[PDB]
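Input: a single structure, listed below in structure tokens.
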Amino acid sequence: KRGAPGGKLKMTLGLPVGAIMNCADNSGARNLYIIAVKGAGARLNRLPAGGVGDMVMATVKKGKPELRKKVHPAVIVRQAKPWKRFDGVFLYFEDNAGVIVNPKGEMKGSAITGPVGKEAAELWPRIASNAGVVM
Amino acid sequence: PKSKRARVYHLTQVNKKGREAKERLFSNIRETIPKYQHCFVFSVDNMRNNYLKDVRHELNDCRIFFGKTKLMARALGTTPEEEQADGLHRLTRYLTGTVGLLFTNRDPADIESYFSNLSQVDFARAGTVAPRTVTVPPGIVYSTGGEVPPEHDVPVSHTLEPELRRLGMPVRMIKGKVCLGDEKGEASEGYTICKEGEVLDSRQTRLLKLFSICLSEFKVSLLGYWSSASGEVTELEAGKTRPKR
Amino acid sequence: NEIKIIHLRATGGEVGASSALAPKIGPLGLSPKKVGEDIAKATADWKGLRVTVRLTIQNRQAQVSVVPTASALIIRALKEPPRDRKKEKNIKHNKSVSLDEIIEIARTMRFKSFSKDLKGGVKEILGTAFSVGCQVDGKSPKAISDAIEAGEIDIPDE
Amino acid sequence: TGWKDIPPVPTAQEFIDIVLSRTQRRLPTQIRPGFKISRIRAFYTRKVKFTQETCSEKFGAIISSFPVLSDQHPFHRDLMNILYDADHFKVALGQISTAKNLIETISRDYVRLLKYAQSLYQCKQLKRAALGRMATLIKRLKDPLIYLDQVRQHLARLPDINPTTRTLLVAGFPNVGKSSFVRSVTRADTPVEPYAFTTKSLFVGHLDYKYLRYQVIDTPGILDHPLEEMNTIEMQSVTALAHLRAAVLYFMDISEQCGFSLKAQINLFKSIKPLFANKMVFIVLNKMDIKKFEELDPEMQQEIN
Amino acid sequence: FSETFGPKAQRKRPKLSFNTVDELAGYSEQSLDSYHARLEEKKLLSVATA
Amino acid sequence: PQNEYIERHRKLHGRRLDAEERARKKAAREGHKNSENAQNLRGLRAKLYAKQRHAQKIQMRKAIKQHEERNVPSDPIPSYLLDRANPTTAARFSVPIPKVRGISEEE
Amino acid sequence: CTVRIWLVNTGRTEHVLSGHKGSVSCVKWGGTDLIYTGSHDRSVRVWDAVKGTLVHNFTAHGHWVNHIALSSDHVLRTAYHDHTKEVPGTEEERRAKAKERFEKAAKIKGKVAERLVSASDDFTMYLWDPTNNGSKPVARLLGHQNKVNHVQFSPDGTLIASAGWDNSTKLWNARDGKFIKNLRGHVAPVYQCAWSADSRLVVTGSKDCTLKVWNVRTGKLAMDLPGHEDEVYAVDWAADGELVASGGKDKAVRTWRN
Amino acid sequence: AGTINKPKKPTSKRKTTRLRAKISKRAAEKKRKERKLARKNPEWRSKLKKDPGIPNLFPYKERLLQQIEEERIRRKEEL
Amino acid sequence: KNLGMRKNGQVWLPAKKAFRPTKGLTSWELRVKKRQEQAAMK
Amino acid sequence: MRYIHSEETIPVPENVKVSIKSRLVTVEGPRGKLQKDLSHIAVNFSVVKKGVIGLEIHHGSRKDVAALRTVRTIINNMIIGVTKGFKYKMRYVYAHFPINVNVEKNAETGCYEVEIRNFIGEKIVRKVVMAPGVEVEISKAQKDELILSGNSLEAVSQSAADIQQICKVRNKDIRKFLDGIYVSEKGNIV
RNA sequence: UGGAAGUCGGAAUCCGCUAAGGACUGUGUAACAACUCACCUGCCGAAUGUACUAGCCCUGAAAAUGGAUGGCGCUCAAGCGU
Ligand SMILES: Nc1nc2c(ncn2[C@@H]2O[C@H](COP(=O)(O)OP(=O)(O)OP(=O)(O)O)[C@@H](O)[C@H]2O)c(=O)[nH]1
Ligand SMILES: [Mg+2]
């Protein structure tokens, strides 16, 4: 199976391809540079983009050299672009942040710093188990 | 006519006989009249006729011709100017349908005793009357279909199942066994191949042969014989009753 | 008390013919080694030759007999040197058989033949020898059969 | 895992038909003599390169999909050497690789010539020459493709035997009850029939004992003669006994309804005993409903003990 | 190729690198040892970026 | 499943109930289908079909002729050269091609 | 696939030797009354000529067996005839002299042991001593890059000459099977070879229409013999050493002398 | 094929003058060329052609052969 | 009733006759005679 | 060649009524009435004998002569339909999921409806409507058998073909998945 | 050949009884069995079979704006031959 998750409602995509977001777990990486988004469509000239709860393909630019030369699956857990949930609430976080996982969705690290978004928490049951604040 | 049935060329050894077989039959018969002193005509009708080999083997001193009826009639001679011997044109009135010629040197009483004591149990052919009702039981289908007890019987081979379905038996494959309905003889009545007095067709006779059940007999009926010494044709019991041409 | 007849092919002077035989004789209640010993005792006069054996079983004892066959009789009458089957394979029966013992084989096969005459029996045996691959009087059994049919060679009657 | 993922291997004529149909239908086919010579050269060069690319893709898929006998476990490698001739297997795949390399070389040569071709007729002759030479190269591979397709189907139907797990290996003469035991203890559909060599290939079932997964391997029967006289069917069992670290269950029928002498059973056990080093051996006396061990000859019982 | 494997195959005797039972047991031993050594050197020797 | 499992399923359960009849009817319709292909295929597919049918007809004629004919090296070589693959083996000092097409300097 | 033994005066076959799965390409009859055959089924067989039964079956060649050679072939071909040019008076003396010549040419380490060599299409050669070794070959003669067509022992029994399809003739020690020297003068495959009676010289006739006489002690081309218009098929050297006969595709016999 | 519901571009039967002239020129050139090849033909030609004869289904063929035989005998007698 | 088995199972089909649209034009005796003169002429 | 006159013959049983007007054939028997329009074929009908119907074509080609055989067999089929009727016995088989077959008669159409459920575990309910004049029953003598009967052979056989073609296995190996409904026997009701 | 019985293979391929039947044309079995074909007989009933030749018709390769026997249209012609 590919990394695109089912049952995800439409939200504002705040992180296009080329964005650098913080790395919110303890795997050793400090940031993730987005090179691709799972489940992205096909339009001429359109950059692929992801929101909170989406799996992207990311490259570590700052962190351990062991994590440096590989492309990792990551899940976006926080974004700064304001988006709306179905209860009418627009919301945003103070930073863009994601966690490194495997293609099945188990986390590489062991703990998450800071809160995670709801959409990430329902879509990935391991992140819901490793999150200290769900927000 | 471009649209035509494609004829299959056979890549087999045996070819069609032709007129040479007719000439060989003519020569064989015409050389076997003078060697024998009686010539019987016998009839076997609506029969499998595979025991004529054993009849030939047991009558090794005699000669039996079982050929085309009109070919044997023209060999013996239908008309008095064409007959090979004196009185052979009288014998050709019995050559209709399925007949055979029996050239012999024996006493005719011996031949009549042999063909009155000759009895072989035989498979029925299509068109005969069934003497007894045959019904295969439900459950496991056996090789004889209930003729012998199932304890002494063997289950029928699994390759015969599509043939039984094509012949009308509602059989099925259960774990490699041919079964009628269910394995325990449930939810299906037994299948009646033939009933009392019903005229058998080829489907029923093929079913009976597949289940190895014989409902007929092989009987040779002597119609009459021509004697070379007297030049006379003596008529026999089936010879009075059978139509002639 | 019933009589049951089983035909099999066995190599003479060999016990292992009972190997494939014993899967079915075991339910009937006989001793496979005893049946194999009886088969070897019956086929002791047929060393190295495949022969057919009739097993008649009744009341859980078996008696053996060797049913004669034309090919086995011809191969025996060829008088090939004794040999082992395991180390010598792909052999050919290219020796010579005399016409007198061909007639003798025909007289033995008279009980199986449906031919009317000993001439027809001799021609059947000559065809079997032709299939085997041997020679009759230094010539081809087809050629002797053709000579017999043409009348150059006279076969005794009975 | 298994070897069911090997794509089907076409014949020589089917291969040529597939490659030429790809070249015919996946590229434009209309070029005019009035066009530019660079345009004509590009058209015919593209034809040659596309044909070589299709051939290389198919041949590389065939080469990479088949097992590498040098990389297998000794059990799997020797099992493929028994079922398949290892020399024939390696020669067939080497011929596939050689044809792939020669097709690439022919393509390079004809592209280099098409760089200097001066007319549409010359370009067409060079393209047809390259395609015909590649077609001849595929045509000489008529027998390896048939052999590899048969090998592929048999490999896809092979059982999956793990050589490094808990395994019960059942061996003995035919008609002693090996498949009966395997069918009774597992879910494997191995046939049980009264004739010898009913089972002509390795079968595997599975059971659970104390929450652990055990695999049980049913083997063809083994006869009493040296390795030079055993055929491939008994070599499957012999390879299994030689390379699988297992629990060997040697099944013996003292009733001798299997058709073999119990002397031969003892002698076969003594002959295959050196394979049982570092392994665990259990003589299973089957068919006790027919003849019991106490009914047997005390000398024979002394030998078995 | 046609007489080795397939519907018209006639091969019955395989080609073996051993002749006796003891040679078979020994050959299996060094075969497993060589396989383990090859696995060890292979081990000694997320996808990577292009 | 393992080994010849489709043949084992064939032994245990058989075909579909109409398999033989459908196969027989299809084999019967082959003549109409082949004539429809001969009259209705277009283009390169039709050309390849025509060449294939021509080859099968020539092969069938050869087979029939051989079956009708059933009821009726070249150069001397030594014994060590027998059964091997050998070639068939078939003043004006003029070459086999005395004249060709002339090629101009512009070409 | 058969070998038939004929009695000359009657023309009748006494024994038929069968068991080969291919064409029997070469047969030899040894002085201990044994028959050696080589066939296309990759096998060499030793038969007892008295009983007509197989004795030995060597199946170590990998392709067709083309030629076999006995160590006593030179004396068995000529019987009691020798360099003296007078014959013994009676049949018993002639048979005794023939047997003495055979035993002298076939003695190995003081006992009679006929030595056999077989050449095959698998580029290899095998040296067998059935009396002392049985089915285990004495040596694998290795080094020919193509098929070996012809092989012959030397009359003194110390050397083996082999002609190959790799345009080469090779010399071998007849005791251990060790390669000695390669004779390189032919440009087409060498078909036949033959020894001189003094075991100094080998004549080889090849496909390149030439005969070549090689001195084996110097390992050098002593003589070149052109004159055949086509391929040379049959080459023989007389037991007297006076003449060499050759014939082939040009249909004319050629006799060569000093 | 989906010809009836979705036909393709029609094949034009309207010839062009250039193609008609080219076809006529090539036909004339082929006819001259085959005259030249028949002139330089080395293939053997019989002096007298094989006459097919009288058809079998002609009801008076036997009678016609009778006048043929009678006329040849009369010519032999006259000569 | 029908004694034989039709191959396609349509047992209601009648016993069909040969499609001979030119039937009845020429008698048998005349055809035998014309065979005789045809053989003589050939 | 154009044939001057060609003719075919149809015997009629004693209890059967045949009416032909403007090539529209109506055949009535003990079991009911069938009707077919044959005005697309050029044919002249006549009563050549008591209980015998003659079919003739004048100045027709070989194809026009051959069409009379089809007309003969069609009218004989209607005769056999109104006399003895037509019966198709079908069998439905399965491996694991039993096929549940429900047979009902719709009142406002008068036609029978066959509902098929649990075909290889499918949740969909297949519904096949019979032709008017076709009667469907579930056999009680044999196991898993439908019996279709009627006067019109074309209607009965097309209904049986619909019942086969609705239970078709898609995207599975047909050498392994053998479930379906098949016509097992064809014959007459009487 | 582990097994191989006409039907996994290699080579031979004859005779008897014949009306005729291959040391077998296919389906089938582990091997057998069983079915089928070549061939023969009974029923029937009068003309057929094969291969070519000549006409007319279909296929016998086609791209890219929507279009062309000049257009409508034409089918015992308003097409083809005299
Ligand atoms: N009376 C009795 N018969 C048995 C017993 N076990 C097996 N048999 C019979 O022996 C025959 C052989 O059974 P299989 O299970 O096939 O034994 P096998 O032939 O060695 O197994 P494979 O060769 O691997 O197929 C069967 O047909 C059984 O009827 C037993 O315990 N008691
Ligand atoms: Mg078994």
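Atoms considered below: every heavy atom in the structure, side chains included; atoms not considered: hydrogens, waters and symmetry mates. Note on naming: letters A, B, ... go to the chains in the order of the sequence lines (proteins, then strands), and numbering restarts at 1 for each one.
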#### Entry: Whether over 12 other heavy atoms sit under 6.0 Å from B/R245 CZ
no
### Query
For the pair made of NE2 in B/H10 and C1' in K/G49, what is the distance, rounded to whole Å?
13 Å
### Query
Looking at F/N40, does any N or O in its side chain come under 4.0 Å of the phosphate oxygens OP1/OP2 on K/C58?
no
#### Entry: Conformer about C1'-N of K/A33 - syn within 90° of 0, anti elsewhere
anti
### Residue matched to K/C37 through Watson-Crick or wobble contacts both under 3.5 angstrom
K/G22
### Summary
When rounded to whole Å, the CD to P distance for the pair D/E193 and K/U29 reads 13 Å
### Message
Using OP1 and OP2 only, check whether a side-chain N or O of B/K2 sits under 4.0 Å from K/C58.
### Response
no
### Summary
Whole-Å distance, B/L11 CG to K/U7 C1', equals 16 Å
### Stacked cation flag B/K209 on B/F123, 6.0 angstrom / 45 deg
yes
### Query
Checking only heavy atoms, does the side chain of F/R42 share a donor-acceptor pair with the base of K/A62 at less than 3.5 Å?
no
### Message
Do B/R63 and B/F65 form a cation-pi contact, if we require the NZ or CZ to be under 6.0 Å from the six-membered ring centre and within 45 degrees of the ring's axis?
### Response
yes
### Task
Would you mind reading off the distance between C/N90 atom CG and K/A12 atom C1', rounded to a whole angstrom?
16 Å
### Message
Less than 4.0 angstrom between a side-chain N/O of B/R206 and OP1 or OP2 of K/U36, yes or no?
### Response
yes
### Task
Hey, which sits more toward the 5' end of RNA chain K by its nearest nucleotide, B/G18 or D/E234?
D/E234
### Task
Using the six-membered ring of each base, decide whether K/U18 stacks on its neighbour K/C17 (centre distance under 5.5 Å, planes under 30°).
yes
### Task
Output yes when at least one side-chain N/O atom of H/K9 is less than 4.0 Å from OP1 or OP2 of K/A64, else no.
yes
#### Entry: Anti/syn call for K/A23, syn if |chi| within 90°
syn
### Query
What integer distance in Å separates B/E23:CD from K/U18:P?
20 Å
### Query
Could you give the CD-to-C1' distance, from D/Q24 to K/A62, as a whole number of Å?
11 Å
### Within the 6.0 Å centroid threshold, strictly below: D/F35 and D/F43
no
### Task
Test the consecutive nucleotides K/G66 and K/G67 for base stacking (six-membered ring centres under 5.5 Å, planes under 30 degrees) and report the result as yes or no.
no
### Query
Does any N or O donor sit under 3.5 Å from an N or O acceptor when you compare the side chain of C/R50 with the base of K/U1?
yes
### Query
Any N or O donor-acceptor pair linking the side chain of E/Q10 to the base of K/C8 at under 3.5 Å?
yes
### Query
Any stacking of D/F197 on K/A30, going by centres under 5.5 angstrom and planes within less than 30 degrees?
no
### Query
P atom, K/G22 versus K/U13: distance in rounded Å?
15 Å
### Summary
On the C1'-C2'-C3'-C4' criterion (positive north, negative south), the furanose of K/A54 is north
### Query
Given side chains that start at C-beta, do those of C/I6 and C/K24 come closer than 4.5 Å, heavy atoms only?
yes
### Query
Atom NZ of B/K22 to atom P of K/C40: distance rounded to whole Å?
11 Å
### Query
Given atom CD of B/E163 and atom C1' of K/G28, what is their separation to the nearest angstrom?
12 Å
### Query
Start at the 5' end of RNA chain K and walk down; is the nucleotide closest to B/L52 or to I/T26 reached first?
B/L52
